[PDB]
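Chains as they are written, first to last, in the deposited numbering: chain A, 19 to 149; chain B, 549 to 648; chain C, 6 to 140, 196 to 265; chain D, 413 to 515; chain E, 151 to 200. Here is the structure we will look at.
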Amino acid sequence: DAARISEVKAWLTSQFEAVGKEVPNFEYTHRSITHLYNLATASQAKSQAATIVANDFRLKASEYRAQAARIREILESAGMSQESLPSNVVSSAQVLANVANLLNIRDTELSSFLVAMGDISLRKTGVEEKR
Amino acid sequence: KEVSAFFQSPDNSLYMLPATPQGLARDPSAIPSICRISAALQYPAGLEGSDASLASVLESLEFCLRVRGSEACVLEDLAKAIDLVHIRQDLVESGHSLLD
Amino acid sequence: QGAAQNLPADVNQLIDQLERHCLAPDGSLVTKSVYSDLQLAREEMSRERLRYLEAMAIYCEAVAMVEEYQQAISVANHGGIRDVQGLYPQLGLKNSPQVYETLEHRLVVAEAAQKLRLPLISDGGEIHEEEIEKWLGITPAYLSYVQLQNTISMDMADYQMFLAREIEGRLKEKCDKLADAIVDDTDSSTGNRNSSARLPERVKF
Amino acid sequence: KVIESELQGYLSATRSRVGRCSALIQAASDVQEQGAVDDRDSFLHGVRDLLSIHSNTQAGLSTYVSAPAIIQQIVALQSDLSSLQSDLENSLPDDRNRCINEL
Amino acid sequence: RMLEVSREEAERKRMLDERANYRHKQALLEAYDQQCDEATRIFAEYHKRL
């Protein structure tokens, strides 16, 4: 059940009556029992335990909380500045933090350089001429 | 105290340097700056940083995936490429089916 | 030449039937859970990306104001030629840094556990050891608590000159500079103009 | 009276010994953790060997084994794609041309 | 041409965020020097002979 319940136990929180229809989906896991010898670690680490350390993080988000601590001081120095919290630190720190740079600026300015500029610009180019 | 200060006075003054990179300070969160934003950061530590700096040699014999699978999933493509390798798998066989 | 069709084709075709064979189970859920990681892998980092990305404007350039303050502290001994250019702009650009120095002061004893701890709600265990680090420095400050109360009140007036020169210009230098890097994936040559205009539409691209 | 204040000052001197492993680790952790560093980028290698990601390397083979013994992944990841191209009429273009050219 | 190396970023967190609150460490150094100071405090008037 582990492979499917990972996709279900998150949905099962709002599928109490729909347990009786996802329980039939649970046995699709027992097909991969032989694979589960080496697929049990990522069976739960596929949707919900993968969005904590494996895919959502892959450890990258672990530090992305850690930095903002000291940064809060410069923010709060202008934050205790009731006339500068929305004008300066909210209007400059969060403008590139709200919607834009969530998945392409994971360092100062380089996450786009090595992945987006680096490979996401060049991943198609890798094969799309050779094949 | 002096024995402690010989091993503690450096600590407090130094630890303000990892204040912002406290992830780099703490063990369970230094990996992002040593693995995740590191497919080029590990170049100076090339011997140490084989995580993704060695992906080029890892695909040295895989010349299709040379400039494609080298530094992609290190930050953002570990969630998007995987969904599109099964369509590749099922369409490359259609490129094998043209031979068929 | 009867076997020349399936000899190369079945090398990956057996994986294809395996992918259909492993579709529902965990074998190919890696390709189908990431089918949801378009948003499932961006639910927890995104709220922490902002902490990293609100850090952008500050730990990259809003601290780069301290070159107006660090050079006077450091370069004045090793290098005299830059020393003449160290404390000069300090009288204007780092004049608020003297006020900001008090803003560093007031947080150590009061807002260290209130600001330097806020963006680590889930990372509370590790910050506490860093917090108790910064908090253990208040034990001698327990003998100098008088200066740690009226500093904020005096900084009310300094705040206006703390924001007019220090927190106005270089804080916005880094918000637009790093909005350029993302844009440069598909369009790199002219992205500098559209750093503040094409920043949100590129990540989806 | 001062000794009590001296003891409290001494208390902070020894209380910080609990935090003695707080600062120097930043340079230490940035290097010694290469086992997990390659592991997170080993699941990266799990993505690349897409001919094997659908069976095992997505869970325990590429994301785990390829970190310490990365030399194994050199052949474990190129083989399932260099054969992919080779069987994608890339290592036999002359046969495929003439087999169709005779057609 | 992957010639970018984000080690600067790893040090961007390190280069000058220390100075943005340069006085956090001095509070602790005061605590470490407190035992030196309190020992100096108790070696002031009668232990001046010491």
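Even for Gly, the Cβ is constructed at its ideal location relative to N, Cα and C.
I'd like the list of long-range same chain contacts for residue i, defined as Cβ closer than 6 Å, with 5 residues on each side in sequence excluded.
i                        : result
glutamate 40 of chain A  : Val26
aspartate 215 of chain C : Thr107
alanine 587 of chain B   : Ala600, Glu619 and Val622
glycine 251 of chain C   : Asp240, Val243 and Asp244
Any C-beta of chain C sitting closer than 8 Å to the C-beta of residue i?
i                        : result
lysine 198 of chain E    : no
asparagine 56 of chain A : no
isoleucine 70 of chain A : yes
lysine 549 of chain B    : no
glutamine 420 of chain D : yes
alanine 627 of chain B   : yes
Could you have a look at residue i and say whether DSSP puts it in helix, strand or coil?
i                            : result
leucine 500 of chain D       : helix
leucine 179 of chain E       : helix
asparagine 468 of chain D    : coil
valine 622 of chain B        : coil
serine 101 of chain C        : helix
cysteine 612 of chain B      : coil
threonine 31 of chain A      : coil
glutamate 514 of chain D     : helix
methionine 221 of chain C    : helix
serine 474 of chain D        : helix
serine 127 of chain C        : coil
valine 443 of chain D        : helix
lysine 549 of chain B        : coil
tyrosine 55 of chain A       : helix
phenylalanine 265 of chain C : coil
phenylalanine 44 of chain A  : helix
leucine 121 of chain C       : coil
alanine 81 of chain C        : helix
residue 269 of chain C       : Chain C is shown from 6 up to 265; residue 269 of chain C falls before or after that span and cannot be answered.
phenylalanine 455 of chain D : helix
Could you say which of the options lies nearest to residue i if we only look at CA atoms?
i                        : options                                   : result
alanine 111 of chain A   : C:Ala115, C:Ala14 and C:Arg54             : C:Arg54
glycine 91 of chain C    : C:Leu108, C:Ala77 and C:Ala67             : C:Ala77
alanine 181 of chain E   : B:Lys549, B:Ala567 and B:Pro569           : B:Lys549
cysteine 612 of chain B  : D:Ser503, D:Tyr422 and D:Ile437           : D:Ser503
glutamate 73 of chain C  : C:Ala115, C:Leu98, C:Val263 and C:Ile132  : C:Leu98
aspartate 125 of chain A : B:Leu623, B:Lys628, B:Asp648 and B:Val551 : B:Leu623
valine 104 of chain C    : C:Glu48, C:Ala60 and C:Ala217             : C:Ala217
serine 434 of chain D    : B:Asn560, B:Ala578, B:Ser577 and B:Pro576 : B:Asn560
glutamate 226 of chain C : A:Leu140, A:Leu93 and A:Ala86             : A:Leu93
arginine 56 of chain C   : A:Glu81, A:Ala63, A:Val37 and A:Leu128    : A:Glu81
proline 480 of chain D   : D:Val487, D:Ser495 and D:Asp451           : D:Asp451
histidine 133 of chain C : A:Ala87, A:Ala21 and A:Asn122             : A:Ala87
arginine 584 of chain B  : A:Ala72, A:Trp29 and A:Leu57              : A:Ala72
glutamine 85 of chain A  : C:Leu259, C:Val89 and C:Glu135            : C:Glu135
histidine 53 of chain A  : C:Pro30, C:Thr211 and C:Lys237            : C:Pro30
Beta-carbon within less than 7 Å of residue i's beta-carbon, same chain only, minus the 5 sequence neighbours each way: which residues are those?
i                        : result
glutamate 501 of chain D : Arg508
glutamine 33 of chain A  : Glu40
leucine 572 of chain B   : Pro566, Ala578 and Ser581
Leaving aside the five residues before and after residue i along the sequence, list all residues of the same chain whose C-beta is less than 8 Å from its C-beta, in chain order.
i                        : result
residue 2 of chain C     : Nothing can be reported for residue 2 of chain C, as the shown portion of chain C is limited to 6 through 265.
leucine 589 of chain B   : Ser581, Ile582 and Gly597
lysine 139 of chain C    : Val113, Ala117 and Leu121
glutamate 147 of chain A : none
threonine 246 of chain C : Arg262 and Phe265
Are the C-beta atoms of residue i and some chain A residue less than 8 Å apart?
i                        : result
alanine 593 of chain B   : no
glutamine 497 of chain D : yes
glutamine 556 of chain B : no
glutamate 624 of chain B : yes
Is there a Cβ of chain E sitting closer than 8 Å to that of residue i, yes or no?
i                        : result
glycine 136 of chain A   : yes
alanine 425 of chain D   : yes
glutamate 138 of chain C : yes
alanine 600 of chain B   : no
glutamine 10 of chain C  : no
Kindly indicate if chain D contains any beta-carbon less than 8 Å away from that of residue i.
i                        : result
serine 604 of chain B    : no
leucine 112 of chain C   : no
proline 200 of chain C   : yes
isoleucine 63 of chain C : no
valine 640 of chain B    : yes
For the ligand PLP, is there any heavy atom lying closer than 7 Å to the beta carbon of residue i?
i                      : result
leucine 626 of chain B : Among the components of this structure there are no ligands whatsoever, and the ligand PLP is therefore not found.
Anything in the stretch 165 to 189 of chain E with a Cβ closer than 8 Å to a Cβ of chain A? List those residues in chain order, please.
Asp167, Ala170 and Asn171
Taking Cβ-Cβ distances below 8 Å as the criterion, which residues of the stretch 111 to 131 of chain A are in contact with chain C?
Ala111, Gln112, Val113, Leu114, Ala115, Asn116, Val117, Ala118, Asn119, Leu120, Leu121, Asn122, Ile123, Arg124, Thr126, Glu127, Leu128, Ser129, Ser130 and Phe131
Residues of the stretch 456 to 478 of chain D with Cβ closer than 7 Å to any Cβ of chain C, in chain order
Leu463, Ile465, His466, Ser467, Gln470 and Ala471
Compile a chain-ordered list of the residues in the stretch 17 to 38 of chain C whose CB is closer than 8 Å to at least one CB of chain D.
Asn17, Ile20, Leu23, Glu24, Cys27, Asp31, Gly32, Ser33, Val35 and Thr36
Against chain C, which members of the stretch 73 to 96 of chain A pass a CB distance test of less than 9 Å?
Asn73, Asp74, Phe75, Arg76, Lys78, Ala79, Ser80, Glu81, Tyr82, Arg83, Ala84, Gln85, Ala86, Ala87, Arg88, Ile89, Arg90, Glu91, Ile92, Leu93, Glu94, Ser95 and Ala96
Would you list, in chain order, the members of the stretch 423 to 455 of chain D that have their beta-carbon closer than 7 Å to a beta-carbon of chain C?
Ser424, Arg427, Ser428, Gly431 and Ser434
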